[PDB]
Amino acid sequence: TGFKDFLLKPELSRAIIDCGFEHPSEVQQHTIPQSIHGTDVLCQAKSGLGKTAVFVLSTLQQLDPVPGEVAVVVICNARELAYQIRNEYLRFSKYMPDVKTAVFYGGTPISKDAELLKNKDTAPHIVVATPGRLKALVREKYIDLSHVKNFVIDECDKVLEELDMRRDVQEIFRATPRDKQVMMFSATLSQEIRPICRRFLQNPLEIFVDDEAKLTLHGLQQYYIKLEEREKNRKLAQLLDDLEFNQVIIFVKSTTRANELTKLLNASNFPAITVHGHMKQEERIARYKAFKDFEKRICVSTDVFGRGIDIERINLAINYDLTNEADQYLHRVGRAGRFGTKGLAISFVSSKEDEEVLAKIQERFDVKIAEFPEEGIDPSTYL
């Protein structure tokens, strides 16, 4: 039980032991002890090495619950990621009955969030949310953030470069006390986004991977296939029949291509689900749970699952459509091989920018994304 050396509450240490944790990862050893003191954190760590447990365990240790008073706020970029983060708060607050948590995102009636905020059984001390709805709660004064002591922004590089999310986050950030702890996490913190981040911190502890050659997971095998758009469907179906995967995530560049590809997969005895925008959130969550709970092994989605999503059975990520910039690619392939386990990533190169973006990925991370050999690959090399 290595986490007990952090000298955490007995209820925390007990919940950490029920979660199978026994040795802290390097990012948690370098961040948790000094985050407990309320020091601002600007943290960079590779995909899936446990950045969530950093700010989850840290805020839970500093938290002393005051009834009806929001003390901790966490911001992410996607609705299902917020649902995932709130579920991590639930599992580590297992033996803290006083702690109450809530998550808020679009797609649901905002009046019900207002009722949930006033109820004495559900008035949360910790709030996880997407920037849009939480701003709609601050500005209609359904929530009071005059007492926030911990402000967390997960996937901060995406939250602060997209400018509609930055406006909302800064509107939320101005309803909080200025003398609070602020923490930011991302696997990608380029030199261009860090100055923007620093305008929210005050003498922060900064953990970086500046030699970005180990932002690549060594256990992740990366290949590409140069093909034409009309050949993607038959090549993918063959890949899913030959490769031996537990669960696979397939990233597409639009919602129309997600629904049409998923429909063809189900027709060809490849049971799959799809999650994206343009869908009722009742349905987005229902399929998220169906894929998370291993009812189907294939999921087709847009970049709604590109960041943060943690499903341990994903050992195969396929870029059916490549991204526009390298940063989103690294988060995409990061969905496979969680916590330094084995994984396999394959990207389709079907046009000119797939070739320059694939060209720009390899200098950034030192990875030679080899061309997928025509004879196929050994199952042992990714199992």
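Sequential numbering from 1, following the sequence displayed.
Colleague: If you take the mean CA temperature factor per stretch, which one wins between 137-145 and 75-83?
Modeller: Comparing 75-83 with 137-145, the higher average CA B-factor belongs to 137-145.
Colleague: Of 355-363 and 7-15, which one has the bigger average CA B-factor?
Modeller: Stretch with the greater average CA B-factor: 355-363.
Colleague: Please pick out which of 232, 289, 313, 94 has the largest Cα B-factor as recorded in the entry.
Modeller: Of 232, 289, 313, 94, 232 has the highest C-alpha B-factor.
Colleague: Sorting 295, 88, 98, 154 by Cα temperature factor from the record, which one lands on top?
Modeller: Answer for 295, 88, 98, 154: 98, with the highest C-alpha B-factor.
Colleague: Thinking about Cα B factors across the chain, which third does residue 105 belong to?
Modeller: Its C-alpha B-factor belongs to the lowest third of this chain's values.
Colleague: Please place residue 224 in the lowest, middle or highest third of its chain according to the CA B-factor in the PDB entry.
Modeller: Its C-alpha B-factor, which the entry lists for residue 224, ranks in the highest third among residues of this chain.
Colleague: Lowest, middle or highest third of the chain for the C-alpha temperature factor of residue 305?
Modeller: Lowest third - that is where residue 305 ends up once the chain's C-alpha B-factors are sorted.
Colleague: Check where residue 246 lands among this chain's C-alpha B-factors and tell me if it's the lowest, middle or highest third.
Modeller: For residue 246, whose C-alpha B-factor we compare with every modelled residue in the chain, the answer is the lowest third.
Colleague: Could you look up the Cα B-factor of residue 255 in the entry and say which third of the chain it sits in: lowest, middle or highest?
Modeller: Its C-alpha B-factor, which the entry lists for residue 255, ranks in the middle third among residues of this chain.
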